[PDB]
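Here are two versions of the same chain, shown separately as structure tokens and labelled structure 1 and structure 2.
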Structure 1
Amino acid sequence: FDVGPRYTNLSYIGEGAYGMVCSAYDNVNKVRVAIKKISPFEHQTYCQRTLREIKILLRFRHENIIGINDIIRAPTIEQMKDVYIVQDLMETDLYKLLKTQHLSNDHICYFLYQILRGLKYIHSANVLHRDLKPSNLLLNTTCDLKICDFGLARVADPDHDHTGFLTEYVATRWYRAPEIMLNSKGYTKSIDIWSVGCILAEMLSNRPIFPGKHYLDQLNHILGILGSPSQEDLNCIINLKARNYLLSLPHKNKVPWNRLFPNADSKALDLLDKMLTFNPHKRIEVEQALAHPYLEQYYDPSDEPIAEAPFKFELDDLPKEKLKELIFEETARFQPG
């Protein structure tokens, strides 16, 4: 965990596939920070996540999105085995909080607002996060919230979103929109809105709303609550295998939200309904969501910034080696000299 002279007093915070994150003291700013150690140069996929996250986070600047303050690596490509990413330091994440803490409606409202505020900026950049979930939402001791982990992020591509039935997908299962299992590659902004809807539901009850145990079971959970899709929504799905799978299921009634969440704010459930809409084209978009009455205490579009420029619009087709220089190159600005 050699982070050089600049950072000392390392203290473990959390681990995962992304690597491990430790607290640490920044001698130059006297402020304590968070450091993530990554060894991506082991498999090329981890290298793609590393590169997407770095490029995106370096161009992004927003209160509700985690930043990269510094990147620590060896002086030369040969000597570089690991990359250390220095980022905002926060107390906990939504996943940890939901395990043991009941959220007041005021907290649920405030968290949702900040998630959407951050998402407005991401989407304004033509970027999809694609793996929104509680563990990717960090909070500090005054409940300021920042979205992290942009490893699965992509540039939006609505025109190439269609695919076949049961096409495999990487993003976390419980937060996948129904269309992913049916006919979507997850290349439209509506995919993130679904995830935020799932996060809202989870904040209301401290339980994942759709805890599927395997790929297709996820869809079954979703339909068990929303009920069978309408003829209109069925007609929008042109792929036969996808549509006929749906048609093969016995009819299921919708479960009314106020029955699922009897203690919830009624305005919160109206917004939930709109984010967890089956048909992605009818699903609410992030700016509409921000303007929804549930968030009226906070809504101020002039205080909800968008990006100066979008992306442009691959890391899929290059060697773990090829982009080992790309990582080295993109981290160049942080090295002395």
Structure 2
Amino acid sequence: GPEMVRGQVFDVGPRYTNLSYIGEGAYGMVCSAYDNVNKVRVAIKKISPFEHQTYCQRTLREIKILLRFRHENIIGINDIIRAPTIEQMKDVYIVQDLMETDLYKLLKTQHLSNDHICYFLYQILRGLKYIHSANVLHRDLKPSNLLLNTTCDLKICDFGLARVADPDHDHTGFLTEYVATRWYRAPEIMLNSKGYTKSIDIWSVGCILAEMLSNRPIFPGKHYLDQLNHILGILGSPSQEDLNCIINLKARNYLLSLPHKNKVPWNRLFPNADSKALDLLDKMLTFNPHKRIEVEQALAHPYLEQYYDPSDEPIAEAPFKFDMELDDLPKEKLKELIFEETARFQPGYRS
């Protein structure tokens, strides 16, 4: 029904009231509201994607995945409010639990103790273990996608770029997909356009760990070649065999033309960090995806030994499946599927 706030309209309510602007997401404003059903404050994502096909893909993907996932380190969807008629629907409001902050903003104001870092990492990898067990790739793990309520309450969010894992799905379309925010993008994405393996999420987590240890991003490239420059500057010039799985024969070039850099020792870059953290970091930031540590091995690393508990780390009941590949569907078809997926939150949804 009613409502406004900062000039924009928020067709939330009567249920949701006492609004209060929060900030900006992708294609939408984001306030907090009071849920008059649940008698607590919640976050409401106002999304306007239907203009561009790509924005509708991401919006669709996030709904399908979050509605199927259930895990305490992964944000849920509590309520989806949209218009009654498909033609009259031009906004979508996604209602989710209200979180105090996210890792990105927290790292702007605080240096994290080893302890706190340790249990943040544990909660990231516990959530990641459920995601990968569902055969799903997040593909955009980074601090602003880690929502935080306390040192003991971390939730992964924003599954807009997620995919079902397809260790074979190749396409080598370097301009055809947006895979990971640049600073957190694994080398095999940039060198082989190989963005459908679980290794890419582990890389990102490694970038997030490095960032927790120093309050700055470890690889802040301006563009993708500068990104590779920052990686080789700490990892050192690659081997022949790491240069073996560089499928793009032209991608070779800017690397071969490089001045042999030495591997910077982790403890030199992070003199104050726990050596156990620095050893796990080493396993996560391996250039070659095939030697990089997997999520269950990361959880079992000695650095997480205080918390690792396979009996309290849920996995998915069944692999997740996109019943249709929506890579190339017109944005009017996607808007249809969105209208459908959000049907369960409308009066009279049968079945």
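Counting starts at 1 with the first residue of structure 1 and goes up one by one along its sequence. Take the two forms, superpose them, and find the largest set of C-alpha atoms that agree within 1.5 Å; that set is the rigid core.
In a rigid core superposition between structures 1 and 2, 241 is the single residue of 241, 96, 267, 107 whose Cα is displaced by 2 Å or more. Taking the rigid core as fixed, one finds a CA shift for residue 149 smaller than 2 Å between structures 1 and 2. Relative to the superposed core, residue 258 undergoes a Cα shift smaller than 2 Å between structures 1 and 2. Superposed on the core, the two forms barely differ at residue 74: its CA moves less than 2 Å between structures 1 and 2.
Fit the two forms on the rigid core and the C-alpha of residue 287 turns out 0.3 Å off between structures 1 and 2.
Lined up on the core, residue 169 has its CA atom moved by 4.2 Å between structures 1 and 2. For residue 185, the displacement of the CA atom between structures 1 and 2, after superposition on the rigid core, amounts to 2.6 Å.
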